[PDB]
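The listed protein sequences correspond, in order, to chains C and G.
Taking full-length UniProt numbering, I'd label the letters of the first sequence as residues 2799 to 3070, 3080 to 3221, 3470 to 3897.
full-length UniProt numbering numbers the first residue of the second sequence as 1327 and each following residue consecutively.
A short worksheet on the structure shown next.
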Amino acid sequence: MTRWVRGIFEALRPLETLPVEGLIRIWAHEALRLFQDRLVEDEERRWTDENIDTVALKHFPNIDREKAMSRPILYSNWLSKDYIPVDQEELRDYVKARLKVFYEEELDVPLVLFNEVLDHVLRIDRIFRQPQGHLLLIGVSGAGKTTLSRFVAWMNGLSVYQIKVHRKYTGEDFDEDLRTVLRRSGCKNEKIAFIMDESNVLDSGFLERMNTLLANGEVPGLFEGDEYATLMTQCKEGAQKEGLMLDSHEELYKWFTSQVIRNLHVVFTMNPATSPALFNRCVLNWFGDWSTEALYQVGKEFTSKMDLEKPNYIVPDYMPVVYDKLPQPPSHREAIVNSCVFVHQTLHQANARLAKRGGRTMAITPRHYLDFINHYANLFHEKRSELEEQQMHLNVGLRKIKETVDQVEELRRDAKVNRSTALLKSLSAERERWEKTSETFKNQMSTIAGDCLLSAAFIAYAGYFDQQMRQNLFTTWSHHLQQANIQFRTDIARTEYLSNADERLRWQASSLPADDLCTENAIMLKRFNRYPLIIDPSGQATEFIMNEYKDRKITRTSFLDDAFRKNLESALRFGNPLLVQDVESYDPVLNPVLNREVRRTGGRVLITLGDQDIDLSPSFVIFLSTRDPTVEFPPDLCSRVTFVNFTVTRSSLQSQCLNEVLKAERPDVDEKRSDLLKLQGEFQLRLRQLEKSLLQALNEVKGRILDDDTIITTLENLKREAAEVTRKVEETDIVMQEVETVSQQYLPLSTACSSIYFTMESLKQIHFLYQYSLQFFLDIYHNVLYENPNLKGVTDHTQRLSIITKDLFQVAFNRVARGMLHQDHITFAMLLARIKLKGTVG
Amino acid sequence: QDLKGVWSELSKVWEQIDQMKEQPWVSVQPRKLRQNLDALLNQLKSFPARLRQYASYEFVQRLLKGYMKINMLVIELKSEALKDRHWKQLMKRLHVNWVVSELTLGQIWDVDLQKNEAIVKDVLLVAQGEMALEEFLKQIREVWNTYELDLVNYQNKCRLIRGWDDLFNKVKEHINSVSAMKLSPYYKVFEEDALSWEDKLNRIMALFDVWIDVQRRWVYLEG
Ligand SMILES: Nc1ncnc2c1ncn2[C@@H]1O[C@H](COP(=O)(O)OP(=O)(O)O)[C@@H](O)[C@H]1O
C-alpha cells in the first residue's frame, strides 16, 4: 500500500491537474503494476483486471470506463517531459529505435522486441523512477532477465553494477563491495542499478544483510571508524557540491541515506528457501516462459537473412497451426516459423510426458530455442553455399564439355573419324546426364529448407534423450513438416547428412564406437554453439574427445581438483581445449564462460572469471563431462550447455545387436544397407570427384584427345559408375523392404540380448559380487556369434538363428553362474526362462 | 537539366569521400566514421527521383554500402594488438605497402576488404593471443616486482616467515601457467621472456622449498 501511494504520488507530482478519469487510470495502472505482475497464471491476471474494473465502478460510479480505461495502460516520460500516458504503438517504435541504438555502443547480440519485452521494459522503467525502487525478476532461467534489466538501465542512464561470483567468496569482499556501491551512489550522486542472480544469492548472510538496505535504504554497522570519517568527508564534499549548508555528521549521514534512497536501485533475478522478507521488501515481476507469439516473432526475425522462399508453395488445407495468429494464407517463411514453434512446443510436451511417466527430464528454456535458430541459420548457409558451388562447377563443366565438342568437331572436319564419332556420342551422353543432374540439383534446392530444419532441430534440442525418444521426436517433426507441405527427403540419414566418410573414419580411428548413437553424439560434439555436457557412465566418450583434440593439447581437469580454477585460467588465457569431468559438483564461476560474456577494451578481449578479468584466447573451447547418469542439474546449467548422452538403453543396445546379427549372418543385406546409406551423399561425392579428374585430364588437350583416342575409356568408366548409382536409385525401395524384412526376422534375438544384458546388470541387487560390465556381455555375444562351433557346417539362416538363440542363453547362463553362488543359479535360470518365454511367439 | 544535377551531386559525394580519406588512420574514430557514413547514406537517399536513377548514383550507392560493411573491419583493425608485427604481416600477405606512421584512412580504404578478410581475421586472432600472453607476462612482472615475505616476530629474537602456503601456491600457479603457455599456438616471440621467467620461478621454488625445511628444523632445535 505504501508503494502504491508513493507511485501514485510520483505520477501526480509534476502534473498540473486531471479529471477524475486520469486519477482513476493512474490508480489502476499502479494497481496492475503492484498486483497483476506478481501473478503467474493468466486467468488470475484476467480476474484481477475484472475486479479492478469492478472496484473502480463501485467506489467511483458514474465515471466513463472507456476514456479512463483501456486494455493497454502504459505510462512513461520517454515521449514527453512528465510521466504521462502514451500510446503503445509509438512506445514500441521508440523502443525498437533504442534497441537498435543499444546494439551499437554496447555488447552486440541480436534481440527481438515483443509485447512481453515491451511490458517488462516499462516495468523496469517504472521501478527505476520510483524512490527506493527495488524489483525481483522471477521466472525461467535464460529468458531475458539480465539482458532486459541492463538494457533498461542503460536507457535510463544508470551505471550497471554486478557482483562477481568467485570460488570461496568471502563476506568481507561483499561488505567492501557494498561500501563502494553506497559511496558511489549516496555521496557521488551516481544512479546505480544493482543486479544479482542465483549464482550469488546462495549465501543467506548477504540476503539478511541487504534486507536492511532494501527496507531502510541504509546499512547500520557498516560505516564505522576510519571508513565512517572518510565517507563523512566525501559526503560533506557532495553536500557542498549540491548546494547544501549541511555540516553536522548525523544529518550528513541522514542525507546520504536519502540520496541512496533516491539513486540506488536493486534488481533481483531468480527461478521458482528464500525468505518472504525478501519477497515483500521489493517489487515482484513474473518473467515466465516465452509465449507462442514471442517464439513466432523470434523465428520470423532471426530467419529474415535466409531465403525460405517458395513462390509455388501450395497452402495445405487443415494446417496444424500452433500460433493462433498465423497470416492467411501462410507463406513458406511463416510456415517454417510455425514449424519451429511447433518443435519447441513438442519438446515441452515430451518433457511433460516423461515427467508424468516418472522418468528423468530436463528443462527446456528459450536459450535452447535461440540455439536452435542459430544452428538452423548456420546449417542453411553451409548447405546452400555447398550446393550452389556444386551448381556452378557443373555449369562450368558443361561449357567446357561443349567447347571440347566443338573442338572434336573441328578435328573431325580434318577409321579414327569413326572413333571420334564414338567420342562425340559419349560426350553427348555425358552432357544429358549432367543436365539431369542439374534437374536433381534443382530438386535438392527445393528440399534443402526442410532438410536443414529437421537436422537443426535434431542437433539443438535432442541429445539428452536415448535412441527411442530421439526417433520419436524426429518422427513427430517429420510428420508435422509433411503435414505442412514442406519439402524434405522422405528418408533422412542424419549421421550421413551431418558428416561424410572422412570424419566418420577419423572418429573410428579415435576410440569411438561405430554405434549409430555414438556417431550422432560425435556429430553433436562437432557442431555446437553451447559447449557440450557429455554424459557417459563408461568413459569411452572422454577418451574419444581426448584423441580428437590430442594435437591441440587437450587437458583433463575435475571440479574436485583444487587446481581446477588454475587449469581453467591457463586454458582460457592460452586457448587450449579443456576437458572437465564431474560436473555434478558444479562451480558457478564457469557461467560467464558458457554464456560467452566478453568485453572488448582496446586490443584486449577479456572475460570476467571469478573476480579477475582473464584475457580470452580466440581458440579456447571447453567440454563438460560427467560419469553419473542419474543426476539433476539446475535449469541455469541446462540453459548454458548442450547435452550429449552416451548412456546405453534397451533401444540402443537392441539396435547394436541387430546390426551385429546383420553383419555376421547376412553380410549381403548389411552391405545393401551400407550402399543405401552411401547413396545419400557419398556415391554422389565420389562420382563428382571422378568428374573433376575427368575434366582435369580433358583440360590438357593439344590434339591428344584424338591422338590414339584412349582416354574415352575413363569417360565410359565414369558413365558406367554413374549408371551404377542410377540403378541403386531405381531399387532403393526394394532394398528398403528387403532389409526391413530381414531385420524383422532378426529382431526377437536382439530384444532377447537387450533383456538378458539388463538382467545381468540388475543382478547386483541380489549380491554385491554380481557386477558385470557391458564389455562382458559383448564378449559373450561375440563368442555366440563367431567362435561358436555349433554353427559350423550349416547354412539355413533360420536354423542358424535358432541355434544362436539357444546358445546365447546357454553360454550366458554358464558364464554368469560360474561367477555366481549356487543358491541363485535357479533364480538366474528362472529369469532367463521368463525372458525367453516372453520372446518366443505362440 | 537532370544530368548536370546528378553530376554535381556526384562531385559532392566524391569530395565527401576525399575528405573522409584524407583523415589519417591514426585519428579516425570508427564511431564518428559510422556517423559520417550514415550521414552520407542519408545524403544519397535524400536525392530526388531523377538523380536516383543514374548509374553513377548506383555506383556510389553500393560503394558506400561496402564502406559501411567494411566499417566493422575498421573497428577491429583499430586496436592495440597489432602494434608493429601484425601490420607488417598484413602488408607481406597483402603485398601492398602501408607504413603505419604515414598511413591514412584512404590507403586502407583503397584495398578490397571484401576479398582479403581471411588474412585480416587470421592475423587478428593471432594478435589477440599474442596480447593475451603479453598481458599475462606483464601481470607476472607486476606481481613479482612487488611481492614480499610476510615476516612475524618469534620470541622477540628474530622475525621469521609466515605465509609459506600462499607463496607456494603463487609460485606453483605461475610455473604451471608458463608451462601451459609453452604449449600455446601463439608462443613464438615470447620464448626468451618465458625461459627467463621460468628460470626465476624455479630458483624461487627451490630456494623457498629448502628454506621452509631449514626454518622448521631450526625452530624445532631452538625449542
Ligand atoms: N528479448 C530477447 N530477444 C532475443 N534474445 C534474447 C532476449 N532476451 C535474452 N536473450 C538472449 O539471452 C542471452 C542471455 O541470457 P539471459 O536471457 O540474460 O539469461 P537470464 O534469464 O539469466 O537473464 C543472450 O545471448 C540473448 O541473446
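Don't be surprised by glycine CBs; every beta carbon is placed ideally from N, CA and C.
At 8 Å on the CB atoms, spell out the chain C contacts of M1457(G), in chain order.
In the second sequence, counting from the first residue as 1, residue 1457(G) sits at position 131. Those are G3658, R3659 and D3670, listed as they occur along chain C.
Within 8 Å of any Cβ in chain G, is that where the Cβ of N3602(C) sits?
Along the first sequence, one-based indexing puts residue 3602(C) at 547. Taking Cβ atoms only, chain G never reaches closer than 8 Å to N3602(C), which makes this a no.
Where does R2843(C) sit, in a helix, a strand or coil, going by DSSP?
As a position in the first sequence, residue 2843(C) is number 45, starting the count at 1. If DSSP states are grouped into helix, strand and coil, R2843(C) belongs with the helices.
Got a sec? Which residues, its chain only, sit under 8 Å from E1406(G) by beta carbon, not counting five neighbours each side?
As a first step, residue 1406(G) must be located in the second sequence, where it is residue number 80. Only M1457 meet the Cβ criterion.
Would you kindly work out how many angstroms separate the C-alpha atoms of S3674(C) and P3689(C), rounded to a whole number?
Residue numbering aside, residue 3674(C) sits at position 619 when the first sequence is read from its first letter. Residue numbering aside, residue 3689(C) sits at position 634 when the first sequence is read from its first letter. Distance between the alpha carbons of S3674(C) and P3689(C): 28 Å.
Terminal residues of the alpha helix (DSSP H) in which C3033(C) lies:
Residue numbering aside, residue 3033(C) sits at position 235 when the first sequence is read from its first letter. Per DSSP, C3033(C) belongs to the alpha helix (DSSP H) from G3023 to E3040.
Helix, strand or coil, according to DSSP, for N3092(C) in the structure here?
Here residue 3092(C) corresponds to residue number 285 of the first sequence, with the count starting at 1. In this structure, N3092(C) counts as strand in the three-state DSSP scheme.
Tell me, please, whether the region 3539 to 3556 of chain C touches the region 3109 to 3127 of chain C by the rule of three or more beta-carbon pairs shorter than 8 Å.
yes
Comparing the CB of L3177(C) with every heavy atom of ligand 2, is any distance shorter than 7 Å?
Ligand 2 is not part of the structure shown, which contains ligand 1 as its ligands.
Contacts around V3065(C), its chain only, beta-carbon distance under 7 Å, and the 5 residues preceding and following it disregarded
Position 267 of the first sequence, counting from 1, holds the residue named residue 3065(C). Taken in chain order, the residues that qualify are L2933, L2935, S2947, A2991, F2992 and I2993.
On the three-state DSSP scale, how would you describe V1339(G)?
On the second sequence, residue 1339(G) is found 13 positions in, with the first residue counted as 1. In the structure shown, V1339(G) sits in a helix (DSSP, three-state: H, G or I).
Might you give, ordered along the chain, the residues of its own chain that have their beta carbon closer than 8 Å to the beta carbon of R3582(C), omitting 5 neighbours on each side?
Counted from its first residue, the first sequence places residue 3582(C) at position 527. Correct list, in chain order: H3182, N3185, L3186, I3514 and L3553.
Span of the alpha helix (DSSP H) holding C3147(C)?
The sequence position of residue 3147(C) within the first sequence is 340, counting from 1. That run of the alpha helix (DSSP H) goes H3139 to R3164.
Give a yes or no on whether 8 Å exceeds the smallest Cβ distance from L1359(G) to chain C.
Locating residue 1359(G) in the second sequence gives position 33, where the first residue counts as 1. Not an interface residue.
By a C-beta neighbour count over all protein chains shown, 10 Å radius and 16 as the cutoff for buried, is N1528(G) buried or exposed?
As a first step, residue 1528(G) must be located in the second sequence, where it is residue number 202. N1528(G) should be labelled exposed.
Residues of the region 1493 to 1510 of chain G whose Cβ lies closer than 7 Å to any Cβ of chain C, in chain order:
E1499, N1502, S1503, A1506, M1507, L1509 and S1510
Measure from the C-beta of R3628(C) to each C-beta in chain G and report whether the shortest distance is under 8 Å.
Position 573 of the first sequence, counted from the first residue, corresponds to residue 3628(C). Yes - at least one Cβ of chain G is within 8 Å of the one on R3628(C).
Apart from the five residues on each side of it in sequence, which residues of its chain come closer than 6 Å, Cβ to Cβ, to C3808(C)?
To locate residue 3808(C), count along the first sequence from 1; it is residue 753. Contacts found: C3712.
For ligand 1, any of its heavy atoms closer than 7 Å to the Cβ of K2943(C)?
Here residue 2943(C) refers to the residue found at position 145 of the first sequence. Checking every heavy atom of ligand 1 against the Cβ of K2943(C), one is found closer than 7 Å.
Straight-line gap, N1442(G) to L3482(C) (C-alpha atoms, nearest Å)
As a position in the second sequence, residue 1442(G) is number 116, starting the count at 1. As a position in the first sequence, residue 3482(C) is number 427, starting the count at 1. So the alpha carbons of these two residues sit roughly 39 Å apart.
Taking Cβ-Cβ distances shorter than 7 Å, what residues in chain G pair up with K2879(C)?
Here residue 2879(C) refers to the residue found at position 81 of the first sequence. Simply none; closest approach about 27 Å.
DSSP three-state label for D3763(C), please.
In the first sequence, residue 3763(C) corresponds to position 708, counting from 1. Coil.
Partners in chain C for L1390(G), counting only beta-carbon separations shorter than 9 Å:
Residue numbering aside, residue 1390(G) sits at position 64 when the second sequence is read from its first letter. Those do not exist, as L1390(G) stays about 18 Å from chain C at its closest Cβ, beyond 9 Å.
Reducing DSSP to helix, strand and coil, say where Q1355(G) ends up.
Your numbering for residue 1355(G) matches position 29 in the second sequence. Reduced to three states, the DSSP call for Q1355(G) is coil.
Does DSSP classify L1389(G) as helix, strand or coil?
Position 63 of the second sequence, counted from the first residue, corresponds to residue 1389(G). Three-state DSSP puts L1389(G) in a helix.
Per the DSSP calculation, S3613(C) is bridged to which residue(s)?
Here residue 3613(C) corresponds to residue number 558 of the first sequence, with the count starting at 1. Beta-bridge pairing links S3613(C) to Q3636(C).
State the start and end residues of the unbroken beta strand (DSSP E) segment that holds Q2960(C).
Residue mapping note: residue 2960(C) aligns to position 162 of the first sequence, counting from 1. First-last of the beta strand (DSSP E) with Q2960(C): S2957 to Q2960.
Closer than 7 Å, Cβ to any Cβ of chain G: which residues of the region 3173 to 3203 of chain C, in chain order?
none
Is DSSP giving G1489(G) helix, strand or coil here?
Walking along the second sequence from the start, residue 1489(G) turns up at place 163. In the structure shown, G1489(G) sits in coil (DSSP, three-state: anything other than H, G, I, E or B).
Run of the alpha helix (DSSP H) containing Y3120(C), from where it starts to where it stops:
Translated into positions along the first sequence, residue 3120(C) becomes position 313. First-last for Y3120(C): undefined, no H or E at that position.
Taking the beta carbon of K1395(G) as the centre, do at least 16 other beta carbons fall within 10 Å, making it buried, or is it exposed?
Counting from 1 along the second sequence, the entry for residue 1395(G) is found at position 69. Result: exposed.
Alpha carbon to alpha carbon, what distance is there between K2898(C) and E2839(C)?
Counting from 1 along the first sequence, the entry for residue 2839(C) is found at position 41. Counting from 1 along the first sequence, the entry for residue 2898(C) is found at position 100. Their backbone Cα atoms lie some 32 Å apart in a straight line.
At the 8 Å Cβ level, is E1461(G) part of the contact set with chain C, yes or no?
In the second sequence, residue 1461(G) corresponds to position 135, counting from 1. Yes, contact with chain C.
Beta-carbon neighbours of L1451(G), restricted to chain C and to distances below 8 Å:
Mapped onto the second sequence, residue 1451(G) falls at position 125. What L1451(G) touches in chain C: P3673 and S3674.
With DSSP collapsed to three states, give me the class of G3657(C).
As a first step, residue 3657(C) must be located in the first sequence, where it is residue number 602. The answer is coil: DSSP assigns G3657(C) none of H, G, I, E or B.
For ligand 1, is there a heavy atom less than 7 Å away from the beta-carbon of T3067(C)?
In the first sequence, counting from the first residue as 1, residue 3067(C) sits at position 269. Within the cutoff, so yes.
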